[PDB]
Ligand SMILES: CCOc1cc(CC(=O)N[C@@H](CC(C)C)c2ccccc2N2CCCCC2)ccc1C(=O)O
Ligand SMILES: Nc1ncnc2c1ncn2[C@@H]1O[C@H](COP(=O)(O)OP(=O)(O)OP(=O)(O)O)[C@@H](O)[C@H]1O
Ligand SMILES: Nc1ncnc2c1ncn2[C@@H]1O[C@H](COP(=O)(O)OP(=O)(O)O)[C@@H](O)[C@H]1O
Ligand SMILES: [Mg+2]
Ligand SMILES: [Mg+2]
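Residue numbers (the entry's author numbering): 216 to 274, 282 to 324, 342 to 611, 666 to 728, 746 to 913, 968 to 1018, 1027 to 1531, 1535 to 1541.
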């Protein structure tokens, strides 16, 4: 008995029942979901797939044959289950015919009801078993493919010829999408054979039941596959265009958020809002065609069946002597409902098959890519794959336990020599003799997305003693302390960015820490200060490494410390000039030794569905559209039910002109209302998306700066990228499907109840059962989706990590550890996805048994209760129909809940408070040339960044003469920038008042105040587009004024050199210019602003010495007339000022002419 009970448990997915039921007390964390059975682990699947692929390559090799030889048996079994399911499912129409007409007990009309019940139960059990088996094999294939491509990545070659700039993109695409497309094709694989057979058998059954008149309907419906494929192609094209425009919009939005403070200061927030709204309008224009084609798809899907039914029954009435009997009519109707789904989804199956062919071609093209005392080399020619000898005639020697520095000119080949030693380059000749893992500090530093502690340890055992030794020797303890968490701090692309010097120091620390006898350091001092380099060499290279008697080779152009080098390698143009000790080199090569000296001298609580947010989304478009949607859908479903009831009435009898006319009118109304409802739903979706995004962008850009400082930019960009995409594309189709399924189920229930009143007694318990299933599945699946996504993200992150810095991994010999990590991550992701699919199967099976119970009850009650044969057929038809949609209603309800979560996020963002833009003072009281005078005063200023915080500035009072140069200085965190922000009003004023030109700055429309004031920040920021755009996006000044400003800033020559002059394009972040160039561009912007007041915060900061001097000259000359308030670090510049206000942790402190306070914290700083 036990094996049979276990088979039943595996058939109804009872093993997921406990998990789903426990999804209430505690969310489903990874502990609840056990580990994969050894059969489904990624290691075994990878072994099988690799074995098959190698067998293929034994005799060009095809991934298709390897995949078949690996996972053909599971899919063959799934196909067998699918065929049995189709055969049993065609017991619906046949049994409907038998029951509607009514030793051989099969015609008793009661045994047929229980036969229908059993056949339906077996059909759905087999169908769900087939789905689960195909999904299991698909996930196994995804695991195997990920492991195989990861091994190839580990075995890739780093030559620029093969691993191009887009190689990382290709690998990431393979991991993310291509493998997913192949997995989905595996999921849908049984359909490619199950659906054509089902369609052919359905058409044959229609022909047998309904005479030759079934051919017309069969052809009309079969025309539904080409149409669906055509509109699917159109949808793909429209979605590609929409994604392009959305990417442009998101680039603009990200640029806006990154540097919001500067935009708000410069009153350019609304200009960039208009710029983003232009791209949003284009995206909505594209989405209009996308939604039009989606509406056409839904209209075809819901209308072609009705047109086919109309044609079939008109032809049968006007071309067959016998009248339309009830049994045959409703059997044909059920067969049409059965065949509509295969014909609609065959297009999707074929589309995925084509995409999988493309994906496999891409994967194969990738897999066919280029790959591959202490140390002595002899007669070694190394090439990067081109064929030319990049390095020739190498006779290098690296004595054990000694320092061997390799020096040469740039482009010499030193890094190439190290990589060749590591085996990353093809060895045309020669050999490399080892007398094992070697620590490698790549010339380009590489850091994992893990924490600093893990990155520096890099998998080795933690030793606080050695950790501190390396950190102090690396001089990284201060930079570590400055981190928000110190150790255990996220870094890398996703983590907190670090300066290049910090990254290189981290990499050098990693190389030093690990226990290896050979250490390869390549230009560790490229991004380090002279003092930092000296400390690193004296403490780490000389002492720390010599303590363990390790072997170190250092590649650096800094000839300094060449005396400390036990061995020296002189290389030039890919060839060793001389190798040996400094004294030996000088004795043998006097010229070289003297040459180096020349360079030396040079210097769960909540689970309720969000109904409030759902209603808010529904009403967002407008009450008229919502009313039209509801009315159109109700009228369409009433017309469809009327069509079926009119069919029943027509078949009741047993001339036909009246019935045919009425039926044709009803079918025409049905198709017209299908079109109307599709258009209305898409219209509502479009209006909702437009309104929501418009309001969200406006509110966010108009919000306070404190919000931007608090909320990470990641969250806001996610609200603009993921939530916006959901609202645009996923919500409308999901709502359409949910409403269609809900109304179909309700109409079926109502029609069954009317035809068979007794059905309500058995409907009462099934309602409770369905409610419980709905609740439990909704919560469980909502949790499992989050689990799956959170598990998926680290997998792509790890693939990106391994793709980069491959040389570091293969130099540490830590490839095995990374491979094991990948196997663990992919196993976790696969188990998460598999259990999500298992929850789906659980729900589907329970709802299938519920539908079987509904069908049994409806059949028995209708047979018992006398009724028109047509009415009995109608009841049975709807009892079969409700079964197919009971599952989809709940699944779409869960999806709608998930998406209303995102809409709730957007709504919450809409509720953010807005800055007090409105100014108390009358606009008419603000003269146009208000800031011309330059008069400025302060009255015990007290500014707090946010309420309930200690005042950054407290009781500051000062007077500034018109057209006067004022200076500001102080130690870090002294509140210097607080005064500037108060000037601009961005930072709220806790107490006091500031008067500019005899007006209260606080009591003014903040836009006017911001526009007519000039501010320069520490790091210059440039916005994408033309130079003219950056000079004045408002376009409220003559073009020649821009040339005058450029000439004043001394940038006229640079602009002229670039093509197009003022129209020369500019890249985000100033990548098209040097830092000094960006700073002088900002200075030119301030000049063209003609504010007459200049505020500078670290203008010289991050500025070249020549850049600093030219900026100082420009400030002295151009802005002489206008007031200048300088907040700088170097006191040198402020010396030329006439009034300096130094502050210390909230105190006006010193205020007098530079000489006045020199009669003395200022003197100490100077
Ligand atoms: C992650 C998807 O894993 C599945 C995988 C399957 C296997 C499968 O050949 N389905 C047929 C549907 C059957 C009823 C015709 C199909 C065909 C084309 C497109 C999508 C689909 N299906 C995929 C979802 C959209 C409609 C049904 C079933 C169900 C699932 C599932 O979600 O649980
Ligand atoms: N990964 C690579 N793939 C292909 N060719 C490379 C690669 N790295 C360097 N080369 C080429 O090999 C030759 C020497 O490269 P190498 O890395 O030694 O440059 P370098 O400027 O001497 O380095 P360093 O920064 O250490 O001074 C040059 O032709 C360089 O273009
Ligand atoms: N966005 C902010 N929100 C709240 N407080 C801040 C913010 N920025 C700086 N502060 C606080 O204000 C004080 C003054 O810093 P400040 O003088 O502006 O720095 P800097 O010298 O770099 O200009 C600091 O001690 C800091 O903690
Ligand atoms: Mg190099
Ligand atoms: Mg500052």
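The C-beta atom is built at its ideal place from N, Cα and C for all residues, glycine as well.
Taking residue 587 as the reference, which of 1248, 391, 1418 and 475 has the closest Cα?
Counting from 1 along the chain shown, the entry for residue 587 is found at position 348. Among 1248, 391, 1418 and 475, the Cα nearest to that of residue 587 is on 475.
Let me check you understand the geometry: is the CB of residue 707 closer than 7 Å to at least one non-hydrogen atom of ligand 4?
For this step, residue 707 is matched to residue 414 along the chain shown. Yes, since a heavy atom of ligand 4 falls inside the 7 Å radius drawn around the Cβ of residue 707.
Closest to residue 1496 by CA distance: which of 1466, 1509, 1525 and 1001 is it?
Position 1124 of the chain shown holds residue 1496. Residue 1496 has its Cα closest to that of 1466, out of 1466, 1509, 1525 and 1001.
Tell me which residue opens and which closes the alpha helix (DSSP H) that residue 230 is part of.
As a position in the chain shown, residue 230 is number 15, starting the count at 1. Counting along the chain, residue 230 falls outside any alpha helix (DSSP H), and DSSP gives it neither H nor E.
Please confirm whether residue 367 and residue 1216 have their CB atoms less than 8 Å apart.
Along the chain shown, one-based indexing puts residue 367 at 128. Along the chain shown, one-based indexing puts residue 1216 at 844. Yes. Within cutoff.
Looking at the secondary structure, which residues open and close the alpha helix (DSSP H) in which residue 1379 lies?
In the chain shown, counting from the first residue as 1, residue 1379 sits at position 1007. It spans 1378-1383 - the alpha helix (DSSP H) in which residue 1379 sits, taken as one unbroken run.
Please determine, among 571, 974, 1004 and 1062, the residue with the shortest C-alpha to C-alpha distance to residue 1042.
The sequence position of residue 1042 within the chain shown is 670, counting from 1. Residue 1004 is the option with its Cα nearest to residue 1042.
Would you kindly work out how many angstroms separate the C-alpha atoms of residue 1326 and residue 1154, rounded to a whole number?
Taking the chain shown and counting its residues from 1, one reaches residue 1326 at position 954. Taking the chain shown and counting its residues from 1, one reaches residue 1154 at position 782. Roughly 51 Å separates the two Cα atoms.
Any idea what DSSP makes of residue 696, helix, strand or coil?
For the purposes of this step, residue 696 is identified with residue 403 of the chain shown, where counting begins at 1. Note: residue 696 maps to strand in three-state DSSP.
Counting along the chain, where does the alpha helix (DSSP H) carrying residue 1260 start and finish?
For the purposes of this step, residue 1260 is taken as the residue at position 888 of the chain shown. Its alpha helix (DSSP H) spans residues 1241-1282.
Output the distance between the C-alpha atoms of residue 364 and residue 227, rounded to the nearest integer angstrom.
As a working note, residue 364 is residue 125 in the chain shown. As a working note, residue 227 is residue 12 in the chain shown. Looking at the two C-alpha atoms, the distance is approximately 7 Å.
Per DSSP, what are the beta-bridge partners of residue 761 in this structure?
Here residue 761 corresponds to residue number 451 of the chain shown, with the count starting at 1. Partner(s): 800.
Measure the C-alpha to C-alpha separation of residue 608 and residue 789 and round it to an integer number of angstroms.
Position 369 of the chain shown holds residue 608. Position 479 of the chain shown holds residue 789. The straight-line gap from Cα to Cα measures roughly 41 Å.
State the Cα-Cα distance for the pair residue 454 and residue 551, rounded to the nearest angstrom.
Position 215 of the chain shown, counted from the start, is the residue given in the question as residue 454. Position 312 of the chain shown, counted from the start, is the residue given in the question as residue 551. Their backbone Cα atoms lie some 8 Å apart in a straight line.
Consider the C-beta atom of residue 756 and the heavy atoms of ligand 2; say whether any pair is separated by less than 7 Å.
In the chain shown, the residue the question calls residue 756 occupies position 446. No, since every heavy atom of ligand 2 falls outside the 7 Å radius drawn around the Cβ of residue 756.
Just to confirm the assignment, what range does the beta strand (DSSP E) spanning residue 750 have?
Taking the chain shown and counting its residues from 1, one reaches residue 750 at position 440. It spans 749-751 - the beta strand (DSSP E) in which residue 750 sits, taken as one unbroken run.
Is it the case that the CB of residue 397 approaches a heavy atom of ligand 2 more closely than 7 Å?
In the chain shown, the residue the question calls residue 397 occupies position 158. At least one heavy atom of ligand 2 is nearer than 7 Å to the Cβ of residue 397, so yes.
Ignore the nearest five residues each way along the sequence and tell me which others in residue 256's own chain have a CB closer than 6 Å to its CB.
By 1-based counting over the chain shown, the position of residue 256 is 41. 1199, listed in sequence order.
Inspect the beta-carbon positions of residue 1376 and residue 1306 and report whether they are closer than 8 Å.
Translated into positions along the chain shown, residue 1376 becomes position 1004. Translated into positions along the chain shown, residue 1306 becomes position 934. Cβ atoms of residue 1376 and residue 1306: not closer than 8 Å.
Could you tell me the boundaries of the beta strand (DSSP E) in which residue 888 lies?
Taking the first residue of the chain shown as position 1, residue 888 is located at position 578. First-last of the beta strand (DSSP E) with residue 888: 886-890.
Does any heavy atom of ligand 3 sit closer than 7 Å to the C-beta of residue 1287?
Taking the first residue of the chain shown as position 1, residue 1287 is located at position 915. Every heavy atom of ligand 3 is 7 Å or more from the Cβ of residue 1287, so no.
Within 7 Å: the Cβ of residue 753 and any heavy atom of ligand 4?
The sequence position of residue 753 within the chain shown is 443, counting from 1. Result yes, Cβ under 7 Å from ligand 4.
CB-CB under 7 Å to residue 1253, same chain, minus the five flanking residues each way: which ones, in chain order?
Locating residue 1253 in the chain shown gives position 881, where the first residue counts as 1. The residues are 576, 1116 and 1120.
Can you give me the C-alpha to C-alpha distance between residue 682 and residue 712, rounded to a whole angstrom?
Here residue 682 refers to the residue found at position 389 of the chain shown. Here residue 712 refers to the residue found at position 419 of the chain shown. Taking the straight line joining both Cα atoms gives about 14 Å.
Would you mind stating whether residue 1421 and residue 1455 have Cβ atoms separated by less than 8 Å?
Looking up residue 1421 in the chain shown gives position 1049. Looking up residue 1455 in the chain shown gives position 1083. Against a cut-off of 8 Å, the Cβ pair of residue 1455 and residue 1421 comes out as a contact.
Any heavy atom of ligand 2 closer than 7 Å to the CB of residue 818?
Numbered from its first residue, the chain shown carries residue 818 at position 508. Not under cutoff, so the answer is no.
Name the DSSP bridge partner or partners of residue 1331?
Here residue 1331 is taken as the residue at index 959 of the chain shown, counted from 1. DSSP, once it has assigned bridges, lists 1309 as partnering residue 1331.
What residue range is occupied by the uninterrupted alpha helix (DSSP H) comprising residue 1415?
Your numbering for residue 1415 matches position 1043 in the chain shown. 1411-1421 is the span of the alpha helix (DSSP H), which, as asked, contains residue 1415.
Let me know if residue 905 comes out buried or exposed under the rule of 16 or more other beta-carbons within 10 Å of its beta-carbon.
The count along the chain shown starts at 1 and reaches residue 905 at position 595. By the neighbour-count rule (16 or more Cβ atoms within 10 Å), residue 905 is not buried but exposed.
Taking the alpha-carbon positions, what's the residue 371 to residue 1136 distance?
Within the chain shown, numbered from 1, the residue matching residue 371 stands at position 132. Within the chain shown, numbered from 1, the residue matching residue 1136 stands at position 764. Approximately 31 Å between the Cα atoms of the pair.
Output the distance between the C-alpha atoms of residue 602 and residue 818, rounded to the nearest integer angstrom.
Numbered from 1 along the chain shown, position 363 holds the residue referred to as residue 602. Numbered from 1 along the chain shown, position 508 holds the residue referred to as residue 818. C-alpha separation (whole angstroms): 36 Å.
Going by the DSSP bridge assignment, what does residue 1465 pair with across the sheet?
Position 1093 of the chain shown, counting from 1, holds the residue named residue 1465. For residue 1465, which the question treats as bridged, DSSP gives the partners 1495.
Between residue 1298 and residue 506, what straight-line distance do the alpha-carbon atoms span, to the nearest angstrom?
Translated into positions along the chain shown, residue 1298 becomes position 926. Translated into positions along the chain shown, residue 506 becomes position 267. Rounded to whole angstroms, residue 1298 to residue 506 spans 17 Å at the Cα level.
Please report how far the alpha carbon of residue 1104 lies from the alpha carbon of residue 1052, in whole angstroms.
Counted from its first residue, the chain shown places residue 1104 at position 732. Counted from its first residue, the chain shown places residue 1052 at position 680. Looking at the two C-alpha atoms, the distance is approximately 11 Å.
To the nearest angstrom, how far is it from the Cα of residue 573 to the Cα of residue 1225?
Residue numbering aside, residue 573 sits at position 334 when the chain shown is read from its first letter. Residue numbering aside, residue 1225 sits at position 853 when the chain shown is read from its first letter. One C-alpha to the other measures close to 18 Å.
Can you find the residues in the same chain that come closer than 7 Å, C-beta to C-beta, to residue 973, ignoring five residues on each side of it along the sequence?
The residue labelled residue 973 in the question sits at position 609 within the chain shown. The answer, listed in chain order, is 1269.
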